[PDB]
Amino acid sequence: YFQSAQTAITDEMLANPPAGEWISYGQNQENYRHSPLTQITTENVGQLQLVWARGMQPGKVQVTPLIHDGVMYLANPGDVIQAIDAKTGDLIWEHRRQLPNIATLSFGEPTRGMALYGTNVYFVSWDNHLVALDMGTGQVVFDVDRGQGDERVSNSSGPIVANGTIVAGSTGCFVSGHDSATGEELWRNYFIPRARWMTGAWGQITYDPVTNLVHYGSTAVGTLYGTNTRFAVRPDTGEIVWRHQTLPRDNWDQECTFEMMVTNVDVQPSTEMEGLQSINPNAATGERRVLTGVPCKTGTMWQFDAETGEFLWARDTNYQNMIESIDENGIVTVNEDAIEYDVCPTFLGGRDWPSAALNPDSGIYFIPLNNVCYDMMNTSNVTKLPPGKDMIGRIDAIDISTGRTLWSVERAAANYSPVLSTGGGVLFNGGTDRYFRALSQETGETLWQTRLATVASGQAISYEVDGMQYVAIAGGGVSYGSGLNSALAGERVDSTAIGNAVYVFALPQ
């Protein structure tokens, strides 16, 4: 079950990957989650067929497939790694790591996110080993332990490549650089000085090749320094260039550790920005390289200068009440009331790990959200809907230049699935209701849907083989966000958890 090859992936390649491939977690290193491919447009997306599906191992499916040179690399729950013909669905090889039993939590935990570099596939194992497999055969190139004990420190977002260095987080409590050839540790940074869900940068890590900076976030666990903090570090040495705390007094497990994206924007924040918390009145206006996105579950969209971390603006998305205000320098003041009384949002967020996408060409950011609040208390659960809100699942389209909401669309069932932007002005998203849906980037209108065997829980991607654009997504398991459907009073949501699979769609052509 082997291939040889080529086309060995350099740092230059990761910095300018082929339009038709998906070789970083967000396809480009600055993230975005945007396929520049254009065959599938709004006019024809309603014709999309299933080309092929393949069954995956049971467990939570949160995976972003990678495609290189016509090969799909697919991490299954339980550290089963597969390489599949990305046009036909024929298995090439499969590598099963021997585990087993009880570490950090119908089978496994997500190994969602892998990296390609040189001729290796890299992932962090359920027991915290950095592991490199050969692309051609699935054979182990190296297996190195990052922990000591053993322990119960894990990792779910996975490693990324940053200028030859392999960088990875945790779920002790640090981010670490590693040698791409040996896997030996080059540096580690902890988050918190020396004197409640997941803890310690298990979110997505973003490398910008232009400024040569790696960006990661910490979680909670004075302001409680440096909890829930965004860090911009150099990749070879881990040195810290700039930081900023996005949520100080966190009593709600809001985990400011999700993907932030680096891009060029005309910085032109509007005072009519919805959910506006604060615009720095001393910041320049005009073209600028920027770090922007929603880092925390609480839903605040921020923009910083990428390089200096100069604060630009901050703004609400989902209704929330943990944050009383943010000043002119982006210092957050938490609502001490919550730390009468309806806490919004939840510990499953307005947002959570399911990633936002950015269309770089129009500068629209698309974030999958959930309208949900806590509660003092079909059958019963801890959550409830925010005031005057009908539906739970939501996607918000926001202009990263002005901060103005372009549109905002909802459906009853919880979302809790990533979105994928494409060059054809169409946006894909799954969801807790098993639906895989195509929306218009222009309007938010649904142009196409299918329905998967399970919750449409994983990251949609897009790639090309022989001129055909493909769109793929997995795949299933039990989703924390399907439990959000308890707040729905008018309908049960059929969140089937068994039947895991990856699915690949295409124009009939």
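We number the residues from 1 along the sequence you see.
Engineer: So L105 and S106 are neighbours in the shown sequence, but is anything from the deposited sequence left out between them? Give the count as none, 1 to 3, 4 to 9, or 10 or more.
Structural biologist: Unresolved stretch here: 1 to 3 residues.
Engineer: Per the entry, how many residues of the deposited chain go unmodelled between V221 and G222: none, 1 to 3, 4 to 9, or 10 or more?
Structural biologist: In the deposited sequence, 10 or more residues between these two have no coordinates.
Engineer: Select between 55-63 and 470-478 the stretch whose C-alpha atoms have the higher average B-factor in the entry.
Structural biologist: Per the PDB entry, the higher value belongs to 55-63.
Engineer: Please compare 148-156 with 315-323 and say which has the higher mean C-alpha temperature factor in the record.
Structural biologist: On average, C-alpha B-factors are higher across 148-156.
Engineer: Using the temperature factors in the entry, find which of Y341, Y207, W302, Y435 has the highest value at its Cα atom.
Structural biologist: Most elevated C-alpha B-factor of the set, per the entry: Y341.
Engineer: Would you mind checking which of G217, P360, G431, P387 has the top Cα temperature factor in the PDB entry?
Structural biologist: Within the set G217, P360, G431, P387, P387 shows the top C-alpha B-factor.
Engineer: Taking the values exactly as deposited, rank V426 by C-alpha B-factor within its chain and report the matching third: lowest, middle or highest.
Structural biologist: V426: CA B-factor falls in the middle third of its chain.
Engineer: Which third, lowest, middle or highest, does the CA B-factor of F258 fall in along this chain?
Structural biologist: As the PDB entry reports it, the C-alpha B-factor of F258 lands in the middle third of its chain.
Engineer: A497: which third of its chain by C-alpha temperature factor?
Structural biologist: Middle third.
Engineer: Taking the values exactly as deposited, rank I367 by C-alpha B-factor within its chain and report the matching third: lowest, middle or highest.
Structural biologist: Answer is lowest: the recorded C-alpha B-factor places it there.
Engineer: Could you tell me which third, lowest, middle or highest, the C-alpha B-factor of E109 occupies within its chain?
Structural biologist: For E109, the deposited C-alpha B-factor lands in the highest third.
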